[PDB]
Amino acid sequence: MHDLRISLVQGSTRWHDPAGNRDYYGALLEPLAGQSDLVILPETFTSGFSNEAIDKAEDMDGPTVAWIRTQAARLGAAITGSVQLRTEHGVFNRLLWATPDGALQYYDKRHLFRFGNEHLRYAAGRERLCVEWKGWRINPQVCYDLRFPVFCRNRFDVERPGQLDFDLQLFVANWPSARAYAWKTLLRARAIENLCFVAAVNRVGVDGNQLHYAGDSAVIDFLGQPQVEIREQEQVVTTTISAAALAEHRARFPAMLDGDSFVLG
């Protein structure tokens, strides 16, 4: 495949202000037009990570879904992030995947964040999402999902014949700074054990629940080494990941061949 340009958009999400966040993140995105293939926003980037946000959650016909589509077209890049989203089946923490070819896919967060009481009224997802963009197969997940290696696992000869399931795994997050060590460590471990790139975006700033966020957004190579890492401040960075290097690593270190078969319940 070709190389992939990834932009990390490490913003300070405005509390409970969808319109304000569309403007704010829109402004951060503007200079990226034509410069990126994949723009990654934080989890719950329109309201912040909030249980009270459930009662005002938008639906699929709402302004935020329209906005992300608009941004993907405007930038010429895949755009991803999560929003509390209401359906017939409940209100999900829904990762949106919008591509400039006009396609929209989504993934409902499987592991709701029990410690933050997300599980009380939000609905949990089930299926894992893998998408293909610019010849890269990509598995986008959300925040707490990171702590669950079995659901994160890059299987061999399952989704793709004679190949790993995916080339790039993503995490979008509101992961508080008190537990930043776990964030940084797990992201690196996922890249190593799954023989893939990992890209992850976490917000910065302080939220309405008094939580502080240190960012630590990164693109991590298949050796678990961050190619770019940003922290503390509002920041956008765009970096390119090498298809050739990934293919060479997977040939040189064929741990893909030793993985255990399993079936998720």
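Just count from 1 along the sequence shown to find any residue number.
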On average, are the C-alpha B-factors higher in 51-59 or in 231-239? 51-59
Averaged over C-alpha atoms, is the B-factor higher for 94-102 or for 179-187 in this PDB entry? 94-102
The largest CA temperature factor among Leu146, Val158, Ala123, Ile79 is found at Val158
If you check the C-alpha B-factor for each of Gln35, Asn202, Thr44, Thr64 in the entry, which is highest? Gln35
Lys109 - which third its CA temperature factor falls in, relative to the rest of the chain: lowest
Within this chain's modelled residues, let me know which third the CA B factor of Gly11 belongs to: lowest, middle or highest. lowest
Ranking every modelled residue in this chain by its Cα temperature factor as given in the entry, which third contains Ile68? middle
Ranked C-alpha temperature factor of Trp136 among modelled chain residues, by third: middle
Temperature factor at the Cα of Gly208, chain-ranked in thirds, falls in the middle
